[PDB]
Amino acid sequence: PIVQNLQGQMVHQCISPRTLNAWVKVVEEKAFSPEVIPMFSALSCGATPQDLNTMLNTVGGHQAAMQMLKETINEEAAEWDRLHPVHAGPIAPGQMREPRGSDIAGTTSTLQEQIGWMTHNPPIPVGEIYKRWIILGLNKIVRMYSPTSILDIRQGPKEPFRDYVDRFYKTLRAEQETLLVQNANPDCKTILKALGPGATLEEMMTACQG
């Protein structure tokens, strides 16, 4: 990634073995659960497009999702080229050429070009632009691999209300209010109806706390 050292300059440093292993492990142990996205965004802090491709390449298996990720990146890169057509001409000394979509994706750009864009003044954050495309595609993976719809999350007759709300918002986070009351069991729903339409979650969970 590109980090700031002891001085005020942004400097490239190698991706660490701890970061490489942390990303490989969270994919192996959690697949494409919703919480894998912010872990990816945090592990790729300040990452260049090269580091982003590195993290995606080190993932073995789930190649259907990774291939869908390539398709999403290609779509966003093509939209970037439509909005930012490169203007031909010799690049002035001490400057950087305009990045294409494949340059932001690290396909047709070298490392020192990515360093040049990210450490430029003003910077061209090709890492954050690429990560935005990757997270966009990864969110498409999560909603797609979400097994349960929110309409099917119903509280059991003897299920504690806390466990039901745990399953409700876990499913809701994957699929990406008043349904929480409707899908509660008869005994809890009677308590929630008499509680009021503007009750908070802690007020509702306290009322059905058995």
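In case it trips you up, residue 1 is the first one in the sequence shown, and so on.
Where residue 176 meets residue 177 in the shown sequence, the number of deposited residues left unmodelled: In the record, 10 or more residues between residue 176 and residue 177 lack coordinates.
Stretch with the greater mean C-alpha B-factor as recorded in the entry, comparing 21-29 against 8-16: Per the PDB record, 8-16.
Higher-B stretch (mean Cα B-factor, as the entry records it), 109-117 or 86-94: In the deposited entry, the stretch with the higher C-alpha B-factor mean is 86-94.
Residue, from 155, 41, 54, 146, that the PDB entry assigns the highest Cα B-factor: Top of the list by C-alpha B-factor: 146.
Among modelled residues of the same chain, the CA temperature factor third for residue 127: Lowest third.
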